[PDB]
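*Asks:* Chains as they are written, first to last, in my numbering: chain A, 66 to 259; chain B, 7 to 216; chain C, 110 to 326; chain D, 340 to 504. Questions regarding the structure given below will be posed in turn.
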Amino acid sequence: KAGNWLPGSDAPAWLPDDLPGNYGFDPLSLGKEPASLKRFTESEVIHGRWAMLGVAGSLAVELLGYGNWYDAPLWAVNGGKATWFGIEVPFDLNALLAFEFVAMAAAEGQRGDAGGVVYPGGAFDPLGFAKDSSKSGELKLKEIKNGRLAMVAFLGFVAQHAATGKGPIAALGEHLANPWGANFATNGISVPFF
Amino acid sequence: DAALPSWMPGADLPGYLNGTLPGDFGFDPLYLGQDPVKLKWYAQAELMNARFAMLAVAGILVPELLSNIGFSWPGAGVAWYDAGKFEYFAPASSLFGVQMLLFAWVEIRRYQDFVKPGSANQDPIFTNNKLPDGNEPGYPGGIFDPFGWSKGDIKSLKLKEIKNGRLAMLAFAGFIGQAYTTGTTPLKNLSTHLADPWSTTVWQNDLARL
Amino acid sequence: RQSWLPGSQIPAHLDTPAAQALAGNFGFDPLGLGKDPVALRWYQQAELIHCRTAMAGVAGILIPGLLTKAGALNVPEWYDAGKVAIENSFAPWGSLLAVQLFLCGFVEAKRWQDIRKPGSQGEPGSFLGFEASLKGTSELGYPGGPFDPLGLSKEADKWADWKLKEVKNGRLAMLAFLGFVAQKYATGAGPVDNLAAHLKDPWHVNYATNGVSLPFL
Amino acid sequence: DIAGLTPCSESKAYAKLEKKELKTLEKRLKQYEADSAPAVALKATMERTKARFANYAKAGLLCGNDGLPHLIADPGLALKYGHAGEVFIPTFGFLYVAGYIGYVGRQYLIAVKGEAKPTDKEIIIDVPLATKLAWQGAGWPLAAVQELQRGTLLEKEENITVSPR
Ligand code: CLA
Ligand code: CLA
Ligand code: CLA
Ligand code: CLA
Ligand SMILES: CC1=C[C@H](O)CC(C)(C)[C@H]1/C=C/C(C)=C/C=C/C(C)=C/C=C/C=C(C)/C=C/C=C(C)/C=C/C1=C(C)C[C@H](O)CC1(C)C
Ligand SMILES: CC1=C[C@H](O)CC(C)(C)[C@H]1/C=C/C(C)=C/C=C/C(C)=C/C=C/C=C(C)/C=C/C=C(C)/C=C/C1=C(C)C[C@H](O)CC1(C)C
Ligand SMILES: CC1=C(/C=C/C(C)=C/C=C/C(C)=C\C=C\C=C(C)\C=C\C=C(C)\C=C\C2=C(C)C[C@H](O)CC2(C)C)C(C)(C)CCC1
């Protein structure tokens, strides 16, 4: 196991010890059945990877001075052209949905046709960082932990944006400037009475 | 049903109160402690409410006592019920959020030790730091008792604690009542009553408003 | 054996071991609507749903209303909150009601199928793996899994007590909402206003003086 | 509004009929004294007529070319133009009371059918049983739906006598 989410509590018997990121956290008993645990495991790894990509993209776009993550698709709401790294792109919203739909449908269909594979390897690992299965368990733990942190970070991004209006980088600078005066308790919607 | 002290000499006290809990006087006319699990929970609730009320009464009486003398500091003339709308270094909302997170951590740790005694005595960061194995819920000890005062008569000290806690709980209830009726701080009410107790009673003061 | 009428003959259908296992059994059934065990089970489910819905609604009416009396909130009256909420809203009441009916119909149909066949919602390969958590407990109307996240239903010693605190409170809430309607048709003010008006003068401000509840006086 | 009718509060024939009724009542009252029994009775009848006309106009009834109120029996029109109090609500009220009576009678027949002499109970009514069933009949729709769902409401075809065809 990776640890104990609640110190003093006993780990559930339905969570295998060799499972990466197994902290024994399952109070709702969602993964009680083995068939559900497999799908939820693959879903969690996929969610972590997508969240890592999303958080990295949002942080990079706001740190490079190209707006925040919320104002990215605003060009197709009032008329405009999308720009990547300051370079104009001539693809309109209609051509983007079709190409993304076809590409994502083909890639996801190929991935799902394998029978729910979480660690394919081979072509997806050209550098061979996980060639040996001894060090594979350690890196898998880092991947699932970074993915969980990224999922929490993306949820925080959405919540803080819907609560204040600024982006993640702008919210961090404001909190660094005034920690006691700017936090979730001073937005006006998290705490209603105060 | 023994020679233990009673709240009514001669009365037939209930049998579920055998003196195991501190300050047992057989006082339960509503029979709220009939269920053993309910009584076990109420003991911890009484201990927590008593300790918080003791801290509250001390924190209400000490600033007013120091304000009536030459001692001065920023918040002196402000009453205990008026301290909320005071200008501090941080807004009340921020302090409320910070304290809610900190109290969430300590209260969940306390609840974990309550449902499983001895399961929260280990420090999560420093594995070497820990509390002694012999412990009971509501009485942590260890770092919470650095002077080792519990090494003596633990029964007498527990009785003193529960008695002082009950007195402080009644004192806080009296603080709320006096602030709602007289609309003045408790020490001022005490001084007003000490000036002439025959004409300054709850009956006289409440009859003057009827 | 607690009874709703000391000395009255408790019905035989409410004295069976199966009926006595229900929470809040006080032998109250003068019309005899629960004589049929199947009907009794269905009515038990209906009473549980009514208790929970009434508790949520009465809480949503009383707590914001009590906070509005003080300076904590400014929530309007329950009989006028719908118009105020729909005024500065993003959707009309019809579209909102349609979306609500669809979302509520899905979960109500799942609950109905579970009532008809207990544990039938755990059919493998039917709810994206979440069907394992959709199986209720051994008692109808008391499911676990996603519901009850704190796990307070695992302790049996307090279980029988917990259910007694859910039905009774619910019954009280069911009466509260009823009063909320009657008072609205007899005084024209909110429940907190009626409570304050009665506390100011109970010997002259009650249902015997509203001119509606006693038309013969 | 509906069917080319006009509301009674705006119909001229409605007010004309009210004036005609009050006129004949006043004409009959003109032959009596001012503090006698026929005068008080006629004045009470006049007040009742005025109250009835005002209450019918206040209810939102539709009047025809004759100035008399017209009822709407279609549920759609009644619920769309506020006429459900004419034929809809009284329909459900009658259904409740009629089913109440029928259910109480059926329960009494089923209860006395298992005795020694059911005919004796049919001619000499058992007042305690009838009163108990009459009070218990308040939940007749729920009980009837439950009886229909359990299959105990109807009798099998093999237990009912028929002609030789
Ligand atoms: C949707 C993403 C997702 C999924 C599919 C999983 C799936 C899984 N997690 Mg994981 N987890 C996640 C996110 C997710 N997790 C995040 C973001 C964190 C960081 C907080 C964690 C932290 C975590 C720990 C510490 C552990 C797990 C564990 C597990 C496994 C145990 C089985 C189980 O508990 O039921 C399956 C879980 C689900 C089906 C997720 C249900 C989704 C609910 C509805 C989310 C509700 C949140 C709510 C909607 C928040 C939004 C607010 C709202 C107002 C918008 C399982 C395979 C345990 C394990 O053994 O690891 C292998 C364990 O130790 N997780
Ligand atoms: C720690 C308990 C305690 C103490 C020492 C006091 C003391 C005082 N109260 Mg008070 N009070 C209390 C609790 C207490 N109260 C409680 C629980 C309430 C209900 C919310 C009230 C409500 C109240 C009102 C409305 C008023 C007072 C007032 C007063 C003051 C003078 C008149 C009087 O005594 O009225 C009578 C007090 C009571 C009837 C309280 C009952 C007795 C308590 C429970 C103590 C039990 C006695 C016990 C043996 C301890 C003895 C004292 C001990 C420290 C040596 C006085 C200094 C008056 C005032 O403010 O003066 C201007 C006033 O009008 N009190
Ligand atoms: C006993 C036989 C009976 C008869 C002869 C009628 C006859 C009529 N009904 Mg009706 N109705 C009945 C029973 C009956 N109803 C019952 C038992 C119910 C309760 C379920 C209803 C509930 C009902 C509603 C809600 C409506 C009607 C309406 C109508 C009128 C036109 C619709 C139609 O002919 O289709 C037969 C009626 C139905 C199949 C019920 C559904 C309504 C259909 C879908 C038409 C509605 C579309 C629209 C409103 C048509 C009018 C367009 C424009 C003039 C506004 C028509 C005169 C409509 C009307 O004119 O409103 C004033 C109307 O909306 N009825
Ligand atoms: C237990 C009483 C009872 C019940 C439940 C029914 C029920 C029924 N009758 Mg029936 N009927 C009754 C008594 C009853 N009848 C009596 C006493 C007579 C002699 C006057 C008739 C003569 C009769 C005829 C000629 C017909 C029906 C028909 C029908 C069926 C159509 C609905 C209807 O109301 O028709 C109308 C029924 C009536 C007009 C008579 C009702 C008499 C009163 C209201 C019933 C009260 C009985 C009793 C005094 C109350 C119980 C007292 C007890 C508690 C002590 C229906 C199932 C029709 C049919 O054949 O089915 C398709 C039909 O053609 N009934
Ligand atoms: C485990 C469990 C079990 C037990 O039993 C119970 C409970 C408690 C229920 C649990 C828990 C749960 C949880 C926590 C969950 C959560 C999740 C999440 C958060 C997810 C996210 C997740 C998230 C995600 C994916 C995200 C992603 C993102 C993305 C893609 C983004 C994208 C983008 C970008 C780049 C930027 C631009 O400008 C825009 C866009 C284009 C938009
Ligand atoms: C048992 C029996 C049997 C025998 O044999 C006979 C007899 C006697 C008949 C009986 C009795 C009966 C009864 C009493 C009944 C009743 C019930 C009820 C009342 C219900 C309610 C129930 C109720 C309910 C659910 C309610 C609910 C509520 C709600 C949701 C609310 C909501 C809301 C809110 C929040 C706020 C806003 O602003 C508005 C609204 C929107 C409005
Ligand atoms: C429970 C009960 C009794 C049993 C009654 C039974 C068995 C009734 C069976 C009825 C059956 C098998 C079929 C009934 C079909 C009914 C039909 C087709 C009527 C449809 C209604 C229509 C078309 C419209 C009606 C109207 C509405 C709703 C409102 C207004 O009325 C105006 C109008 C006419 C438009 C027992 C045992 C005598 C005991 C006692 C009460």
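No residue lacks a Cβ here, since even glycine has one placed at the ideal position from N, Cα and C.
Going along chain D in order, which residues have a C-beta closer than 7 Å to the C-beta of C/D145?
*Replies:* As a working note, residue 145 of chain C is residue 36 in the third sequence. Here the neighbours are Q485 and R489.
*Asks:* What are the residues of the region 262-285 of chain C that lie near chain B, defined by any Cβ-Cβ distance shorter than 8 Å?
*Replies:* Here the close residues are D266, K267 and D270.
*Asks:* Give the residues of chain C in contact with D/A477, contact being defined as C-beta atoms less than 7 Å apart.
*Replies:* Here residue 477 of chain D is taken as the residue at index 138 of the fourth sequence, counted from 1. Those within 7 Å of D/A477 in chain C are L140.
*Asks:* So, with DSSP's three-state summary, where would you put D/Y353?
*Replies:* Reading the fourth sequence from its first residue, position 14 is the one you call residue 353 of chain D. D/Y353 falls in the helix class under three-state DSSP.
*Asks:* Just to confirm before moving on: does the CB-CB distance between A/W79 and B/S100 stay below 8 Å?
*Replies:* Within the first sequence, residue 79 of chain A is the residue found at index 14, counting from 1. Within the second sequence, residue 100 of chain B is the residue found at index 94, counting from 1. Cβ atoms of A/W79 and B/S100: not closer than 8 Å.
*Asks:* Would you say D/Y439 touches ligand 4, meaning its beta carbon is less than 7 Å from a heavy atom?
*Replies:* The count along the fourth sequence starts at 1 and reaches residue 439 of chain D at position 100. For ligand 4, not one heavy atom lies less than 7 Å from the Cβ of D/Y439.
*Asks:* Kindly indicate which three-state DSSP category C/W202 falls into: helix, strand or coil?
*Replies:* The sequence position of residue 202 of chain C within the third sequence is 93, counting from 1. DSSP places C/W202 in helix when its eight states are reduced to three.
*Asks:* Does DSSP classify C/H313 as helix, strand or coil?
*Replies:* Walking along the third sequence from the start, residue 313 of chain C turns up at place 204. C/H313: coil per DSSP, three-state reduction.
*Asks:* At least one CB of chain D closer than 8 Å to the CB of C/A148: is that the case?
*Replies:* In the third sequence, residue 148 of chain C corresponds to position 39, counting from 1. Cβ-Cβ to chain D under 8 Å: yes for C/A148.
*Asks:* Can you pull out the residues from the region 415-426 of chain D whose beta carbon lies closer than 7 Å to at least one beta carbon of chain C?
*Replies:* Hits within the stretch: zero.
*Asks:* Between C/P139 and ligand 7, is there a pair consisting of the residue's CB and a ligand heavy atom that are separated by less than 7 Å?
*Replies:* The residue you call residue 139 of chain C lines up with position 30 of the third sequence. False, no ligand heavy atom lies under 7 Å from that Cβ.
*Asks:* Give a single yes or no on whether D/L416 has its beta carbon closer than 7 Å to a heavy atom of ligand 3.
*Replies:* Position 77 of the fourth sequence, counted from the start, is the residue given in the question as residue 416 of chain D. Within the cutoff, so yes.
*Asks:* Answer yes or no: do A/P233 and A/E127 have a C-beta to C-beta separation smaller than 8 Å?
*Replies:* Taking the first residue of the first sequence as position 1, residue 233 of chain A is located at position 168. Taking the first residue of the first sequence as position 1, residue 127 of chain A is located at position 62. Yes, Cβ-Cβ distance for A/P233 and A/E127 is below 8 Å.
*Asks:* Could you tell me which uninterrupted beta strand (DSSP E) segments, each at least 3 residues in length, are contained entirely in the region 106-172 of chain A, listed from first to last along the chain?
*Replies:* The qualifying runs do not exist here; there are none.
*Asks:* Is A/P92 close to chain C? Criterion is C-beta to C-beta, closer than 8 Å.
*Replies:* Walking along the first sequence from the start, residue 92 of chain A turns up at place 27. Interface residue, yes.
*Asks:* May I have all residues whose beta carbon comes closer than 5 Å to any heavy atom of ligand 5, sorted in chain order?
*Replies:* Listed along the chain, these residues meet the criterion: A/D91, A/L93, A/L95, A/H112, A/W115, A/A116, A/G119, A/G122, A/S123, A/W134, A/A137, A/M216, A/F219 and A/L220.
*Asks:* How long is the line joining the alpha carbons of A/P99 and C/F239, rounded to whole angstroms?
*Replies:* The residue given as residue 99 of chain A occupies position 34 in the first sequence. The residue given as residue 239 of chain C occupies position 130 in the third sequence. Cα to Cα, A/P99 sits roughly 12 Å from C/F239.
*Asks:* Could you pull out every residue in the same chain whose Cβ sits closer than 8 Å to the Cβ of B/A56, ignoring the five residues on either side in sequence?
*Replies:* The residue given as residue 56 of chain B occupies position 50 in the second sequence. Taken in chain order, the residues that qualify are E167, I168, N170, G171, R172, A174 and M175.
*Asks:* Please confirm if A/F164 has its CB atom under 8 Å from at least one CB of chain B.
*Replies:* Here residue 164 of chain A refers to the residue found at position 99 of the first sequence. No - not a single Cβ of chain B is within 8 Å of the one on A/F164.
*Asks:* Kindly confirm or deny that the region 136-152 of chain B and the region 47-54 of chain B touch, where touching means at least three C-beta pairs closer than 8 Å.
*Replies:* Yes, the region 136-152 of chain B touches the region 47-54 of chain B.
*Asks:* Under 7 Å from any heavy atom of ligand 6, does the C-beta of C/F286 make it?
*Replies:* Along the third sequence, read from residue 1 onward, the residue named residue 286 of chain C stands at position 177. It does: the Cβ of C/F286 is within 7 Å (strictly closer) of some heavy atom of ligand 6.
*Asks:* Quick one: is A/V217 near chain B, going by C-beta distance under 8 Å?
*Replies:* As a working mapping, residue 217 of chain A is identified with position 152 in the first sequence. So, not an interface residue.
*Asks:* Should A/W70 be listed as close to ligand 1, given that the test is whether its C-beta is under 7 Å from any heavy atom?
*Replies:* In the first sequence, counting from the first residue as 1, residue 70 of chain A sits at position 5. Under cutoff, so the answer is yes.
*Asks:* C/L171 and C/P300 look like a contact to me (Cβ under 8 Å); what is the Cβ gap, rounded to whole Å?
*Replies:* Here the question's residue 171 of chain C lines up with position 62 in the third sequence. Here the question's residue 300 of chain C lines up with position 191 in the third sequence. Right, their Cβ atoms sit about 7 Å apart.
*Asks:* From B/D7 to B/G158, what does the alpha carbon distance come to, in whole angstroms?
*Replies:* The count along the second sequence starts at 1 and reaches residue 7 of chain B at position 1. The count along the second sequence starts at 1 and reaches residue 158 of chain B at position 152. Rounded to the nearest angstrom, the two C-alpha atoms are 28 Å apart.
*Asks:* Assuming D/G432 and D/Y353 are in contact, meaning their beta carbons sit under 8 Å apart, how far apart are those beta carbons, in whole angstroms?
*Replies:* Translated into positions along the fourth sequence, residue 432 of chain D becomes position 93. Translated into positions along the fourth sequence, residue 353 of chain D becomes position 14. Incorrect: roughly 27 Å between the Cβ atoms, too far for contact.
*Asks:* Can the beta-carbon of C/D145 be found closer than 8 Å to that of D/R489?
*Replies:* Translated into positions along the third sequence, residue 145 of chain C becomes position 36. Translated into positions along the fourth sequence, residue 489 of chain D becomes position 150. Going by C-beta atoms, C/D145 is nearer than 8 Å to D/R489.
*Asks:* Over what stretch of residues does the alpha helix (DSSP H) that includes A/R213 continue unbroken?
*Replies:* Here the question's residue 213 of chain A lines up with position 148 in the first sequence. That run of the alpha helix (DSSP H) goes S201 to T229.
*Asks:* With 8 Å set as the bound, which would you pick, yes or no: does the beta-carbon of B/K136 sit closer than that to a beta-carbon of chain A?
*Replies:* The sequence position of residue 136 of chain B within the second sequence is 130, counting from 1. B/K136 does not count as touching chain A.
*Asks:* Would you kindly check if the distance between the Cβ of C/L149 and the Cβ of C/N134 is under 8 Å?
*Replies:* Taking the first residue of the third sequence as position 1, residue 134 of chain C is located at position 25. Taking the first residue of the third sequence as position 1, residue 149 of chain C is located at position 40. In this structure, C/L149 does not lie closer than 8 Å to C/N134 by Cβ.
*Asks:* Going by other Cβ atoms of all chains shown within 10 Å of its Cβ, with 16 needed for buried, is A/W149 buried or exposed?
*Replies:* Within the first sequence, the letter at position 84 stands for residue 149 of chain A. By the neighbour-count rule (16 or more Cβ atoms within 10 Å), A/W149 is not buried but exposed.
*Asks:* Below 8 Å on the Cβ atoms is my contact criterion, and I expect C/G254 with A/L93 to pass it. Report the Cβ-Cβ distance as a whole number of Å.
*Replies:* Walking along the third sequence from the start, residue 254 of chain C turns up at place 145. Walking along the first sequence from the start, residue 93 of chain A turns up at place 28. The Cβ separation is near 6 Å, so the contact holds.
*Asks:* Considering just the uninterrupted stretch of the alpha helix (DSSP H) at C/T177, what are its terminal residues?
*Replies:* Locating residue 177 of chain C in the third sequence gives position 68, where the first residue counts as 1. Per DSSP, C/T177 belongs to the alpha helix (DSSP H) from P146 to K178.
*Asks:* Terminal residues of the continuous alpha helix (DSSP H) containing B/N170?
*Replies:* Reading the second sequence from its first residue, position 164 is the one you call residue 170 of chain B. Its alpha helix (DSSP H) spans residues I160 to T187.
*Asks:* When you compare the region 111-131 of chain A with the region 207-222 of chain A, are there three or more beta-carbon pairs, one atom per stretch, that lie closer than 8 Å?
*Replies:* Counting Cβ pairs under 8 Å, three or more are found: they touch.
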